[PDB]
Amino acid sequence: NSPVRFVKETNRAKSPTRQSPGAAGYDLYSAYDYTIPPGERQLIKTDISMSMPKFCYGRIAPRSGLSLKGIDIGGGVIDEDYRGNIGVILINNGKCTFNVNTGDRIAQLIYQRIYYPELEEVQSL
């Protein structure tokens, strides 16, 4: 249980942070400026890449404030071996246009602990 290394791809990226010592996840921020109209989704870029911890995955989880405004998360499974610019799919299920500015908090990345079992085909259980 050592440090998770992350790379800022550009000067626009903000280091992920936990609000509080008991916060579930690390907050992710838009590196660019977007307009999402009602009934549309947009992949938002963080310009962050990280080497993910072992036996875990990163859940791109919703911030509750944005969810009460009708902003949900699409996809959001960051694999252990994924090394690219992390992106967040924001779904505007609200009634009017939602603006994403550079620096805006858009989601929380939770390091969810997972198992990698062997699968064995059987006749019955």
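Throughout, we count residues from 1 along the sequence that is shown.
What third of its chain's C-alpha B-factors does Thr46 belong to: lowest, middle or highest?
Its C-alpha B-factor belongs to the middle third of this chain's values.
Relative C-alpha B-factor of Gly87, binned into the chain's lowest, middle or highest third
Tercile = lowest for this residue's CA B-factor.
Can you tell me which third, lowest, middle or highest, the CA B-factor of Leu68 falls into for its chain?
CA B-factor rank for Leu68: middle third.
Select lowest, middle or highest to describe the third in which the CA B-factor of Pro53 falls within its chain in this entry.
It belongs to the highest third of the chain when residues are ordered by C-alpha B-factor.
Split the chain's modelled residues into thirds by Cα B-factor; is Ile78 in the lowest, middle or highest one?
Its C-alpha B-factor belongs to the middle third of this chain's values.
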